[PDB]
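In what follows, a structure is listed as structure tokens, so that the remarks can point back to it.
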Amino acid sequence: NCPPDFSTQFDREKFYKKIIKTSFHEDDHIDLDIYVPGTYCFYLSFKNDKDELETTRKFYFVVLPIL
Amino acid sequence: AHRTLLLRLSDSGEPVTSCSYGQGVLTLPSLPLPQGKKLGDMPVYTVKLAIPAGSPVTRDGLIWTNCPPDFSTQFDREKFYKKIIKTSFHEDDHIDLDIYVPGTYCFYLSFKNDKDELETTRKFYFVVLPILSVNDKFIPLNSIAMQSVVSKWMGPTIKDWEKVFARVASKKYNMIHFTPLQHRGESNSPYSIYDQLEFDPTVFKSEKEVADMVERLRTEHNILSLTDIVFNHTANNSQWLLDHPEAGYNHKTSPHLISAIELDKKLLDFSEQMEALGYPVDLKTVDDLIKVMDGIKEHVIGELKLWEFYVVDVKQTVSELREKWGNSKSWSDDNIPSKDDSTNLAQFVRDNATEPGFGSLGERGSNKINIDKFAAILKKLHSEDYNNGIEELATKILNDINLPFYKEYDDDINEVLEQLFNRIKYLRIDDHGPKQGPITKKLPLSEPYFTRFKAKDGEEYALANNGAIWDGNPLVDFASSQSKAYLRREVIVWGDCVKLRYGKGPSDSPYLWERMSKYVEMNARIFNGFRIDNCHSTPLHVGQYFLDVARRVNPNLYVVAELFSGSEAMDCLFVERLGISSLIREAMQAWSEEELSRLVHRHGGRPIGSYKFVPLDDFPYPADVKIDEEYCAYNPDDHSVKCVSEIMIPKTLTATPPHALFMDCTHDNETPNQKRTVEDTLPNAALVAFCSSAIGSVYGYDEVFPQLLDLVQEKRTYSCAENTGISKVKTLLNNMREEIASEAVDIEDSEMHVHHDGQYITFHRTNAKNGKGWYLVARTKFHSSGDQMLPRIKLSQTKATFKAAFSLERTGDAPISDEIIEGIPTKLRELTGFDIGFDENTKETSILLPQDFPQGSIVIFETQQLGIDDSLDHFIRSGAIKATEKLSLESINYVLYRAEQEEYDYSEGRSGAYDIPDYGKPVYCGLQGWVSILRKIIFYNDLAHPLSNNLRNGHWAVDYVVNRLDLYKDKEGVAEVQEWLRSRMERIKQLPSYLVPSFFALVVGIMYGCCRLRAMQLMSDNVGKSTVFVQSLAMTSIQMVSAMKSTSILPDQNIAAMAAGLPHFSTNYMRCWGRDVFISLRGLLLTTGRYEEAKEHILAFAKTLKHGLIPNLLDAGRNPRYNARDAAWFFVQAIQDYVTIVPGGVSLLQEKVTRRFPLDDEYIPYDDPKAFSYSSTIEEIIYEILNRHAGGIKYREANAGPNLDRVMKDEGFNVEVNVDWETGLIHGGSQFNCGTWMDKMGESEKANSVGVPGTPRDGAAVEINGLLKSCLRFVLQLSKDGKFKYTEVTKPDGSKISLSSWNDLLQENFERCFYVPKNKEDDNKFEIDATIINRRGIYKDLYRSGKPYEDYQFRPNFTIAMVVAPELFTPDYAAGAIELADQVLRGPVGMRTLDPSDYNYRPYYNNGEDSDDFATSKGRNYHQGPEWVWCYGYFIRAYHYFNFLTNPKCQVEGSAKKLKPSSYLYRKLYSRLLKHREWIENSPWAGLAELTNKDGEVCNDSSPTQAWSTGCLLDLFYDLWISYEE
Ligand SMILES: OC[C@H]1O[C@H](O[C@H]2[C@H](O)[C@@H](O)[C@@H](O[C@H]3[C@H](O)[C@@H](O)[C@@H](O[C@H]4[C@H](O)[C@@H](O)[C@@H](O[C@H]5[C@H](O)[C@@H](O)[C@@H](O)O[C@@H]5CO)O[C@@H]4CO)O[C@@H]3CO)O[C@@H]2CO)[C@H](O)[C@@H](O)[C@@H]1O
Ligand SMILES: OC[C@H]1O[C@H](O[C@H]2[C@H](O)[C@@H](O)[C@@H](O)O[C@@H]2CO)[C@H](O)[C@@H](O)[C@@H]1O
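So the protein sequences, as listed, match chains A and B. Going by the authors' numbering, the first sequence opens with residue 68, and the numbers climb by one from there. Going by the authors' numbering, the second sequence opens with residue 3, and the numbers climb by one from there.
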């Protein structure tokens, strides 16, 4: 639910897509640019071993305010 | 030199067909290499792929192709190479595919889908034909004469063969087809090959022995050679079949045929004991067959176990149910059907408790039930104890399961014996096959379906033999599991041969692929090509692999194939992927004379006078293109493919029908003696030789053999009797084709006419380049059907010359030798008496046949069309570029366009547009009117079109093209263009009438292409390098800018004046409109580069300033009309656009005009000397508008009355404008006013709308204030640079306000007044009365309108302010507001003028309405619903701008870290212009309409081409170019 840029407001339930670059050798790095302090979470969707869709937990991280 | 072809692609990556030649293949023309060049010195051909700009394929697009990158790299079918597509929104991308070796090549495109996924198009193939030379002389593919000879009938020695070679060499054949010269099998049939890797031991012993013989044929008699190649079968007695029995389908490899094996060996076992346990061993009664069938009823059918191959063993399942009753048991599914639903319960068990491969065939009891799963259902359905009625229930279910299998069995058995007693009859009882010998071991009752042998591995096998199903699909392998033909006995077999089981590749049959590979490349080293019998039965992947192995050995492999697949499409697909160069067509298949004439018509050529292809208004004309300035950069030794004209747009690659090899008689069809008579051999072979294709014949056809030679049994040898039958005539026919082959090249270069009258068939072969031709009259002898007299043959504008004539007569029967095949004695009598009359006045040739012209005779005439020489094509394809050298962007308008009203202006109403009978007039008087009609005519070769009829009925349209330019002769470059048309049209009139249409369209198309290229050269780079769509939009600038006689933009002179639209806004006072001119000025003049012409319009309108306003109707400079509030601010915006774009554009500010009206608003002093009076500068004019509006204007329209406006009310003439200085907005207008672009005054006397404005836009208009803010921002930065002096502004009282304060006033109050906030909680900071509102999140259409409900109406005018003054809008508010307009107000081509949710929505505009409806009557709906195209331009310009600021997905990181629009934004932009590109493509007028009804519905009253409709779309392309593509 991290907004893509500073112009976009924050919404708890509007999540944005990010593509994981699959490789058997190289790990993939995906940046989450944060422009405003607040509560942000992320979860991962993937293709199950049953060819179905599966989802992980929501993992949160807090950006503290600037006083 | 230049061997390049242009292959334009569509938006989906598919090749574009330039002409309609029918179902075909992208074949490249067979041409010799340049002088002294071998394979590898240079590319044979270069295919230029053209990808449209902005197409969905360009998005991360890649061009794939299996073409090797250079000559050193070998060809691989599945190794494709990368090619990068250079994406652009303006410029198309060209990618070259260099080809160094003939063969089969394909290409497909991968791109990024709209789902951000990867997507791929089809594979598109194109064939490069082989290069056939004999010694050092090139052999054109359509001049091949192939003589098919059978090896075993030429003698047992090599010299016995070279005697036959000398005979066919005297007949002047240039190619010999060999039945396979390999060791033959048991039956000695040439196609049942014993050993593939060694030639016939009778004649040859090594490869060098046969290779020397073929090379001897090349050097001695100048004859190339090719053989049959057999892929489908091999002989039934090959020593390698014992070592490798898996090469065919057997009980191991193809287990489904096990049922068919035990039935075949049930007949070899039966046919030998037939007489013992039977009676009719060999009789000829119908009842005699029935007792054999009754013997079949009990001895084979009854002894084959009721066939458990289909039926589940019932009692052997119950036996195995009690056996395992008590193991894996119990079920739980509650979907098990009840025992009442017997049918559904059976199919439930069919899907759950079955072993793999249920229903399909295999071993005897292959179909069986899974017991542990079956009993688990029985315990869940009935009971867990077995004796509780399970034996009854389990058997009842299995019996119901076998019901479809039993009915599948009765339908199979019936076809087994019905095929038997229908084949045994014809086989035995002589109906048409005399062979009722007593059934022996050699000739049993059953034809051998399987070849039995014991292999070297020890085990016994049973391979079968292929054949052909009667009317079955040849693409289905009848030996595979998909067919049941070997079981149901639906196969006509060849006992000589045996299966060849290829799999999905070499993995399924390793030794078979390795052997056939070495067998293919062995003949490829020796011979020049192959011949494939029944190519349709060979699988594609099988034929593809081995033909590519052959081409790696012999790069010039010539492939012939007897291809009769399901349809022409399947025939083309096989030719595409396999690389077939010629298809076999048989002339003996024609049952009657009409069928022969239709066969000859298919392979004869194109109609006489067929249209020639030319680039027209559907091509890009790059200003930076190479040119043959006089069509002279060609050398015959280079052997280069020629461009269409002086413009070097290369020859287009389009699908053409696959080449044909017309055989007058093959080695499988009956002799003319059998099917027809012997005399027909002469006229049949003549009609075949006249076809524009390759021809061939079997040995004995020319030597009139009595009957078809049995390829299996016969052992006699060809006779040494020389020069028998047609041998003399074939020497003439082949020698004549050698003279024609030297110059005839492409499909447009050979034309034909064929006529059939009774037993006569007429053939007229014509070369379209020089006019040389042949005429053949052949009287056919299908039967002796009495005397028939042919009418007088008449040829127009042609002279005829007698060439030769012959008759073939029979002199008894043929000798009966047992050692030598001798033909029928025939006389070849030369004929005379053909009278050739030539009328020296009408230039008409008449031909009368002599009464002594018996059936089986021919007569050949040499003919030459009058007026055509070899130098005609060069004269037409040259000089047009030099003729357009002095053309200007104004003068091109008179050559290409001019509406009929525009032409009436120059001709005082005498000329106009050429009326085409039974059609109408072209849309323009110039060439564009012709090209718009001719493009579809040339594409379909519609020689029956009314224009095509009129062009050959007389020279009216020919002279009309030249005589028009007398009106505009004095203009720049028009005189030299007329002289080129005069000289070319004069030469055309000397041609035959039937050839005028094709040449008329060629001359007009060439000059059109030169005029269109000259336009792109005179324009700017962004236009002269872009797609067809952008250039087509730019050509509209020439449609509107023209000099006239009844009007202009200056009152003293007649110069170029931009018309509002054609044809209803082009003459007198209706042409120039100040509002229309300056909305289109940036697109049509600045984007294109007409800087000087744009200045003239700004200066001319500046002379007629009054009330601080620009007049809507400009009467050249005299008595105008100032009924417009928009014009002055669109005019001042065009000045800003000029200064911004034109280099040194600030010079316009100090240009002095002569204001034709005194500063104080005076009267109409046109003749009063106070008109000229004083001069005004553009800088002063800009300030005069700003200060007059500010100080408050006050005027009533001068010369008021019905003479001015016959419907406007008295209070309507006093219109005014004033600035509310508390907000900074410019207000003005009344409910009797039309001072905006929505100018529609009612005129209905029945609906009482007379004088009632349909859209009175009184008050502050968004466009006016948006342009005001743009003008203020312009003059502020202008004063900062020292180009504008004024900063003071006077108020009606006397106060002064600085221009910056007025600029800040709008910046602080504009959005506050117009924006309707989406939140009701903010309905207090944006001046909103919530009682009257439609939607929120909308920028208002007006402020302080007379009727307040129109303030909150969603209209497309708010985008004009968004484009010219983007600072007035917060990004998030504007982005959501324009997203609503995209969903609601955006039509397909035009912009909806009013929200459909409003009650005044009248989307259909009909100016001619005599109803009582207050709106629709007399067309007051003009701006209340209808979709206008120019607002679409301002819409998408701001749709692109504000989506680039708001949506982060519409932005992407760029070079120099300057953010460029993402492909996601270009994709959304490109989609919203497809309907515009379709419109200008499929419109007779080469532009965009003014208005459109609801949802793309064509409005008849709308002007079909409007200046500001196309000009606002050019504004979008210039925005994207000047900001991102520099
Ligand atoms: O020769 C001198 C000329 O002087 C005067 O001209 C005046 C007009 O007579 C007068 O009507 C007005 O012009 C207005 C008109 O009142 C206003 O309603 C509007 O007209 C619309 C049409 O309503 C609309 O249908 C459309 O007309 C097109 C039509 O769609 C198209 O298919 C084809 O038929 O051509 C038609 C036009 O000819 O568009 C027009 C234009 O928007 O706007 C007109 C222009 O403001 O004022 C004129 C002032 O000079 C005399 O009255 C006239 O008799 C004299 O001949
Ligand atoms: O307000 C909801 C209402 O809108 C429509 O009525 C229009 C009316 O026809 C126009 O004159 C406009 O200016 O005032 C209203 C704006 O909404 C319809 O009644 C319907 O769409 C809806 O109920």
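Think of the CB as a built atom: it goes at the ideal place given N, C-alpha and C, for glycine as much as any other residue.
Note to self: Give me the chain A residues within the contact set of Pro1450/B, using Cβ-Cβ distance strictly less than 8 Å, ordered along the chain.
What the structure shows: If you number the second sequence from 1, residue 1450/B lands on position 1448. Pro71, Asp72, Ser74 and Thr75, listed in chain order.
Next item on the list: Give me the Cα-Cα distance between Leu380/B and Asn369/B, rounded to the nearest whole angstrom.
Entry: In the second sequence, the residue the question calls residue 380/B occupies position 378. In the second sequence, the residue the question calls residue 369/B occupies position 367. Between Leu380/B and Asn369/B, the C-alpha separation is close to 20 Å.
Next item on the list: Measure how close the beta-carbons of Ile431/B and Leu447/B come, nearest whole angstrom, since I'm counting them as under 8 Å.
Entry: By one-based count along the second sequence, residue 431/B stands at place 429. By one-based count along the second sequence, residue 447/B stands at place 445. Actually they do not touch by this definition, with Cβ atoms about 13 Å apart.
Next item on the list: Measuring alpha carbon to alpha carbon, tell me which of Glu1199/B, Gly1378/B and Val1134/B ends up nearest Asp1163/B.
Entry: If you number the second sequence from 1, residue 1163/B lands on position 1161. Minimum Cα distance to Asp1163/B is reached at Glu1199/B.
Check: Hey, how far is the Cα of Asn1267/B from the Cα of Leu7/B?
Finding: By 1-based counting over the second sequence, the position of residue 1267/B is 1265. By 1-based counting over the second sequence, the position of residue 7/B is 5. Cα-Cα distance, rounded: 55 Å.
Checklist line | Secondary structure, alpha helix (DSSP H): runs of 4+ residues fully inside the stretch 1007–1043 of chain B | finding: 1030–1042
Note to self: For ligand 2, is there any heavy atom lying closer than 6 Å to the beta carbon of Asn1423/B?
What the structure shows: Here residue 1423/B refers to the residue found at position 1421 when the second sequence is read from its first residue. No, the beta carbon of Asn1423/B sits no closer than 6 Å to any heavy atom of ligand 2.
Notebook entry, point to check: Between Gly1110/B and the rest of its own chain, which residues show a CB-CB distance below 7 Å, the 5 nearest in sequence each way excluded?
Noted result: Along the second sequence, read from residue 1 onward, the residue named residue 1110/B stands at position 1108. Closer than 7 Å at Cβ, skipping near neighbours: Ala1130, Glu1186, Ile1187, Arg1190, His1191 and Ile1195.
Next item on the list: Inspect the beta-carbon positions of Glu1245/B and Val1219/B and report whether they are closer than 7 Å.
Entry: Within the second sequence, residue 1245/B is the residue found at index 1243, counting from 1. Within the second sequence, residue 1219/B is the residue found at index 1217, counting from 1. Not closer than 7 Å, so no.
Next item on the list: Mind the definition here: the stretch 1370–1383 of chain B touches the stretch 1403–1417 of chain B only if three or more C-beta pairs lie below 8 Å; say whether that holds.
Entry: no
Note to self: Nearer than 6 Å: is that true of the beta carbon of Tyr1403/B relative to any heavy atom of ligand 2?
What the structure shows: Taking the second sequence and counting its residues from 1, one reaches residue 1403/B at position 1401. Not under cutoff, so the answer is no.
Checklist line | Counted within 10 angstroms of its Cβ, other Cβ atoms place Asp1397/B as buried (16 or more) or exposed | finding: The residue given as residue 1397/B occupies position 1395 in the second sequence. When all chains shown are included, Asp1397/B counts as buried.
Margin query: For ligand 2, I want to know if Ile1334/B counts as a neighbour, meaning its beta carbon is within less than 6 Å of at least one of the ligand's heavy atoms.
Written below: Here residue 1334/B is taken as the residue at index 1332 of the second sequence, counted from 1. Yes, the beta carbon of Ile1334/B sits closer than 6 Å to at least one heavy atom of ligand 2.
Item checked: Buried versus exposed, by CB contacts within 10 Å (16 or more), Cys634/B -> Here residue 634/B is taken as the residue at index 632 of the second sequence, counted from 1. Exposed: under 16 other Cβ atoms inside 10 Å.
Next item on the list: Between the Cα of residue 1529/B and those of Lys1459/B, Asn1336/B, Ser483/B and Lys154/B, spot the shortest distance and give me the residue it belongs to.
Entry: As shown, chain B starts at 3 and ends at 1528. That puts residue 1529/B outside it, with no answer to give.
Notebook entry, point to check: Between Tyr1351/B and ligand 2, is the CB less than 6 Å from at least one heavy atom?
Noted result: Within the second sequence, numbered from 1, the residue matching residue 1351/B stands at position 1349. Yes; taking the cut-off as 6 Å, the Cβ of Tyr1351/B has a heavy atom of ligand 2 nearer than that.
Notebook entry, point to check: According to DSSP, what are the bridge partners of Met1060/B?
Noted result: On the second sequence, residue 1060/B is found 1058 positions in, with the first residue counted as 1. BP columns for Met1060/B point to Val1043/B.
Next item on the list: Going by DSSP, name the residue or residues bridged to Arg1208/B.
Entry: Taking the second sequence and counting its residues from 1, one reaches residue 1208/B at position 1206. None; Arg1208/B has no bridge partner.
Notebook entry, point to check: Would you report the Cα separation of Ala807/B and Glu724/B, rounded to the nearest angstrom?
Noted result: For the purposes of this step, residue 807/B is taken as residue 805 along the second sequence, with counting starting at 1. For the purposes of this step, residue 724/B is taken as residue 722 along the second sequence, with counting starting at 1. Cα-Cα distance, rounded: 21 Å.
Margin query: Using only the alpha-carbon positions, how far apart do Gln1453/B and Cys1074/B sit?
Written below: Taking the first residue of the second sequence as 1, we reach residue 1453/B at position 1451. Taking the first residue of the second sequence as 1, we reach residue 1074/B at position 1072. Going by the C-alpha atoms only, they are around 41 Å apart.
Next item on the list: Tell me whether the beta-carbon of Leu1516/B lies closer than 7 Å to the beta-carbon of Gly1085/B.
Entry: The residue given as residue 1516/B occupies position 1514 in the second sequence. The residue given as residue 1085/B occupies position 1083 in the second sequence. For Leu1516/B and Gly1085/B, yes; Cβs fall inside 7 Å.
Item checked: Inside the stretch 472–541 of chain B only - alpha helix (DSSP H) runs reaching at least 4 residues -> 512–528
Check: Looking at the unbroken beta strand (DSSP E) that takes in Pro406/B, where does it start and where does it end?
Finding: Start at 1 with the first residue of the second sequence, and residue 406/B comes out as number 404. Premise fails: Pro406/B lies in the alpha helix (DSSP H), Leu405 to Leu429, not in any beta strand (DSSP E).
Notebook entry, point to check: Between residue 1529/B and the rest of its own chain, which residues show a CB-CB distance below 8 Å, the 5 nearest in sequence each way excluded?
Noted result: The shown model of chain B, from 3 to 1528, leaves out residue 1529/B, and the question about it has no answer.
Note to self: Our contact map puts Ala780/B next to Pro685/B with C-beta atoms below 8 Å; I'd like the distance itself, whole angstroms only.
What the structure shows: One-based indexing of the second sequence puts residue 780/B at position 778. One-based indexing of the second sequence puts residue 685/B at position 683. Correct: roughly 4 Å between the Cβ atoms.
Next item on the list: Work out the CA separation of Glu745/B and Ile178/B for me, nearest whole Å.
Entry: Within the second sequence, residue 178/B is the residue found at index 176, counting from 1. Within the second sequence, residue 745/B is the residue found at index 743, counting from 1. Their Cα atoms are separated by approximately 24 Å.
Margin query: Taking 6 Å as the cut-off, is the beta-carbon of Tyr102/B closer than that to any non-hydrogen atom of ligand 1?
Written below: Taking the first residue of the second sequence as 1, we reach residue 102/B at position 100. No, ligand 1 has no heavy atom inside 6 Å of this Cβ.
Note to self: Let me make sure I understand the geometry here. Which of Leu1227/B, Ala1249/B, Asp1212/B and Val1221/B has the alpha-carbon closest to that of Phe1234/B?
What the structure shows: Here the question's residue 1234/B lines up with position 1232 in the second sequence. Nearest of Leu1227/B, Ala1249/B, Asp1212/B and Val1221/B to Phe1234/B, Cα basis: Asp1212/B.
Check: DSSP puts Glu864/B in a beta bridge; with which residues?
Finding: The residue you call residue 864/B lines up with position 862 of the second sequence. Per DSSP, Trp776/B and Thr803/B.
Item checked: Among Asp1343/B, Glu1310/B and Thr1333/B, nearest to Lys1327/B - alpha-carbon criterion -> Walking along the second sequence from the start, residue 1327/B turns up at place 1325. The shortest C-alpha separation from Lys1327/B is found at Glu1310/B.
Margin query: Going by DSSP, what residue range makes up the beta strand (DSSP E) through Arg1120/B?
Written below: Within the second sequence, numbered from 1, the residue matching residue 1120/B stands at position 1118. First-last of the beta strand (DSSP E) with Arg1120/B: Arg1120 to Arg1123.
Notebook entry, point to check: Do you know whose CA, among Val418/B, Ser1068/B, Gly1026/B and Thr1418/B, lies nearest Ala1045/B's CA?
Noted result: Counting from 1 along the second sequence, the entry for residue 1045/B is found at position 1043. That would be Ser1068/B, whose Cα lies nearest to the Cα of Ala1045/B.
Margin query: So within the stretch 642–671 of chain B, which uninterrupted beta strand (DSSP E) runs reach at least 3 residues, ignoring any that extend past its ends?
Written below: 662–665
Notebook entry, point to check: Along the chain, where does the alpha helix (DSSP H) that runs through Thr683/B open and close?
Noted result: Walking along the second sequence from the start, residue 683/B turns up at place 681. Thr683/B -> alpha helix (DSSP H) spans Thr683 to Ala691.
Check: Does the beta carbon of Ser1347/B fall short of 6 Å from some heavy atom of ligand 2?
Finding: Numbered from 1 along the second sequence, position 1345 holds the residue referred to as residue 1347/B. Outside the cutoff, so no.
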